[PDB]
Amino acid sequence: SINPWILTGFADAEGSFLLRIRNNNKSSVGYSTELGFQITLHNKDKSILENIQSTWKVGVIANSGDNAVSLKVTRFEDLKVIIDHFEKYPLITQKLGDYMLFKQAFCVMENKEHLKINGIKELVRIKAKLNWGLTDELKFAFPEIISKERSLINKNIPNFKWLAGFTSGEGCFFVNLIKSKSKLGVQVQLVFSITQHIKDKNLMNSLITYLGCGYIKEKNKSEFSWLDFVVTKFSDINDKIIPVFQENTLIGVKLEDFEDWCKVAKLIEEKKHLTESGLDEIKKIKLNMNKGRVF
DNA sequence: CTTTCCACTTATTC
DNA sequence: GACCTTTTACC
DNA sequence: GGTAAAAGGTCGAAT
DNA sequence: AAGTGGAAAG
Ligand SMILES: [Mg+2]
Ligand SMILES: [Mg+2]
Ligand SMILES: [Mg+2]
Ligand SMILES: [Mg+2]
Ligand SMILES: [Mg+2]
Ligand SMILES: [Mg+2]
């Protein structure tokens, strides 16, 4: 079983709540609904979804194209398990707001209100604040429903278990091989990083104080912006970052990448990265980790 | 009528 | 998220 | 004068 | 991450 806090961290990173309000000619109100929670991952981490499915005892696993796989929970009684978990081990990113909306929709459907037009309208109001908001057809059918900005969620990191889950989803353990004017001509630089949308700037900034190291990079692509929490000082990587995830085990393929990363850290600690033999081993490690891995 | 699941695509936050 | 080169800091 | 740390990104694809 | 169409089932 996956640790509940690690699960919530991973959910904060990768999870999503869904509310389908579909035009249905066979429905009494002309609309049918579907409520749920889902995680879609690369095929290589199917084992994560299976473990979550085994832990919660709910949800359906299915292919999501040829390179991805999804765990979806939409069966209404099973949603109580979802609610139970996140009431006890709450999300802390802006996704908490999505969960709260998911919970509101559940209440409407529990009382069977969604089978009446007033319940549908209420669900539309809920959906308008959920994820990417209303669709064009729903906006046209319910013009009185106005896109109101959501309030900001501001929660602190609850513990290192949550962080392990979150890092399992968003983190990167990287070995940078820098062309250098040194004896060996190559500088070995370990980099730890966590990426997140700027909507959770407060959470990302807190990482600096929560981990006692690192800095924030502000990145952008066209009109989109995100943040990168980065650590490049080796003493911080060795004495702070590595012990955290040694004690709080990562999940998925990324665990293997972290362990290869630690192999390099050990060589750097022993100053072997300044020898031909050590550099050779490091180059071989780098080639087989992250995107170099083969499945 | 209503719920549930399967197949599959697309935009962008990793 | 994984990856890169160039630049700057440090002793 | 040699080594480490930071800067400042790019872009393909797993969310 | 977030969405769509389709349809089996009682
Ligand atoms: Mg995420
Ligand atoms: Mg991930
Ligand atoms: Mg994305
Ligand atoms: Mg994402
Ligand atoms: Mg990856
Ligand atoms: Mg990803």
Side-chain angles (χ1 to χ4, degrees), chain A residues 10-11 13-45 59-70 72-79 93 95 98 109 112 114-115 127 130-133 135 167 169-200 213-215 217-237 252-254 257 268 271 273-274 286 289-293:
Chain A
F10 195 74
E14 319 280 39
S16 72
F17 298 89
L18 67 102
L19 173 53
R20 306 188 65 178
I21 306 175
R22 316 169 54 175
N23 258 87
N24 200 330
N25 289 337
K26 304 182 310 182
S27 293
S28 294
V29 287
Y31 292 95
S32 67
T33 62
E34 188 173 2
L35 184 70
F37 172 81
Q38 60 172 343
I39 304 176
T40 302
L41 305 179
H42 187 285
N43 284 333
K44 68 191 190 179
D45 280 328
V60 168
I61 295 177
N63 292 335
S64 185
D66 296 319
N67 288 84
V69 59
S70 67
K72 298 177 187 291
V73 193
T74 69
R75 178 174 288 268
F76 195 76
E77 286 302 309
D78 289 9
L79 296 181
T93 65
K95 197 164 305 178
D98 291 323
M109 291 179 62
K112 307 295 181 179
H114 67 296
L115 300 183
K127 182 176 177 56
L130 180 71
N131 296 338
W132 294 348
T135 64
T167 302
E170 320 283 39
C172 179
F173 304 97
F174 182 66
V175 180
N176 203 16
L177 295 183
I178 294 161
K179 184 190 177 63
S180 181
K181 271 147 58 180
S182 62
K183 287 177 163 54
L184 295 180
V186 178
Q187 175 203 349
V188 180
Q189 170 186 77
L190 296 184
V191 187
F192 171 67
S193 64
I194 300 176
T195 298
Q196 199 74 4
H197 192 282
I198 58 168
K199 71 176 72 171
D200 272 293
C213 61
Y215 48 96
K217 294 185 185 181
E218 303 186 15
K219 299 184 179 177
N220 51 83
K221 189 186 185 186
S222 191
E223 297 303 302
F224 305 119
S225 302
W226 67 95
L227 297 174
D228 193 8
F229 169 79
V230 178
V231 182
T232 48
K233 184 176 182 182
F234 177 74
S235 63
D236 288 332
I237 276 177
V253 173
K254 192 171 301 301
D257 289 319
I268 296 178
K271 299 300 180 182
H273 67 299
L274 295 177
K286 174 173 164 70
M289 72 188 294
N290 295 334
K291 266 173 183 174
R293 205 166 294 275

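Just so it is clear: chains get the letters A, B, ... in the order the sequence lines come, proteins before strands, and each one is counted from 1.
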Check your understanding: In the 5'-to-3' direction, what one-character label does each nucleotide of nucleotides 7-15 of chain D receive under the scheme B = base within less than 4.0 Å of a protein heavy atom, S = sugar-phosphate only, - = no such atom?
Key -> BBBBBBBSB

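Protein atom CG of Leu177(A) is 9 Å distant from nucleotide atom P of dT5(C), rounded to whole Å. Counting to the nearest Å, the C1' atom of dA1(E) and the CD atom of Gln196(A) are 12 Å from each other. Following rounding to the nearest Å, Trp132(A) (CH2) and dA1(E) (P) show an atom-to-atom distance of 10 Å. Whole-Å rounding puts the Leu35(A) CG to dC5(B) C1' distance at 15 Å. Computed from coordinates, the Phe76(A) CZ to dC1(B) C1' distance equals 17 Å when rounded to whole Å. What separates NZ of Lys112(A) from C1' of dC1(B) is a distance of 12 Å, to the nearest Å. Between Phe173(A) atom CZ and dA2(C) atom P the separation is 9 Å, expressed in whole Å. Counting to the nearest Å, the P atom of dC3(C) and the CZ atom of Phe174(A) are 5 Å from each other.
Using a 4.0 Å cut-off, some side-chain N or O of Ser28(A) falls inside it from OP1 or OP2 of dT2(B). At the phosphate of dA6(D), OP1 or OP2 sits under 4.0 Å from a side-chain N or O atom of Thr232(A). Taking side-chain N and O atoms only, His273(A) has a distance below 4.0 Å to OP1 or OP2 of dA4(D). Between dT3(B) and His114(A), a contact under 4.0 Å exists linking OP1 or OP2 to a side-chain N or O. OP1 and OP2 of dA1(E) both lie 4.0 Å or more from every side-chain N or O belonging to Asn131(A). Residue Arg75(A) places at least one side-chain N or O under 4.0 Å from the OP1 or OP2 atom of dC5(B).
Between the side chain of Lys217(A) and the backbone N or O of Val230(A), no donor-acceptor pair lies under 3.5 Å. Side-chain atoms of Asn24(A) come within 3.5 Å of backbone atoms of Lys26(A) as a donor-acceptor pair (strictly under, hydrogens ignored). Side chain of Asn131(A) to main chain of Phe17(A): a donor-acceptor pair is present (N/O by atom type, distance under 3.5 Å, no hydrogens or angles). In terms of modelled atom types and a separation under 3.5 Å, the side chain of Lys72(A) and the main chain of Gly36(A) share no donor-acceptor contact.
The nucleotide whose nearest atom lies closest to any side-chain atom of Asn24(A) is, among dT2(B), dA2(E), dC3(C), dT2(B). Of the candidate nucleotides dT2(B), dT4(B), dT4(E), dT2(B) has the atom nearest to the side chain of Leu115(A). Distance from the side chain of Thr33(A) is smallest to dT3(B) among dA2(C), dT3(D), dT3(B). The listed nucleotides are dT13(B), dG1(C), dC3(C); the one nearest the side chain of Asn290(A) is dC3(C). Counting only heavy atoms from C-beta on, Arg20(A) has its side chain closest to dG6(E) among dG3(E), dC14(B), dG6(E). Closest to the side chain of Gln187(A), from the set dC4(C), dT3(D), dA5(D), is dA5(D).
Ring geometry for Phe192(A) versus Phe229(A): interplanar angle over 60°, hence perpendicular rather than tilted (30 to 60°).
With a 6.0 Å radius and a threshold of 12 heavy atoms from other residues, nucleotides or ligands, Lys95(A) has its NZ atom above the threshold.
Nearest approach of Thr33(A) to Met109(A), heavy atoms of both residues: OG1-CE, 3.6 Å. When every heavy atom of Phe174(A) is checked against every heavy atom of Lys286(A), the shortest pair comes out as CE1-NZ, 3.5 Å.
Across all strands shown, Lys286(A) has heavy atoms under 4.0 Å from sugar-phosphate atoms exclusively, and none from any base. Residue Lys183(A) is in sugar-phosphate contact alone, with no base atom involved, counting any heavy-atom pair closer than 4.0 Å across all strands shown. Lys233(A) comes within 4.0 angstrom of sugar-phosphate atoms only, judged by non-hydrogen atoms across all strands, and of no base. Backbone-only contact: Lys95(A) has heavy atoms under 4.0 Å from sugar-phosphate atoms and none from a base.
Nucleotide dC4(C) carries a north-puckered sugar, as indicated by a positive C1'-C2'-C3'-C4' torsion.
Here, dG6(E) and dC11(D) have their P atoms 38 Å apart, quoted to the whole Å.
Not a single donor-acceptor pair, N or O on each side, falls under 3.5 Å between the base of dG3(E) and the side chain of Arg22(A).
Closest-nucleotide positions on DNA chain B for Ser27(A) and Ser225(A) were compared, and the one nearer the 5' end corresponds to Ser27(A). Between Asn63(A) and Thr74(A), the one whose closest nucleotide on DNA chain B sits nearer the 5' end is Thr74(A).
By the side chain to side chain donor-acceptor pair (under 3.5 Å) test, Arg293(A) is found to be paired with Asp257(A), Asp260(A), residues two or more places apart in sequence or in another chain being considered.
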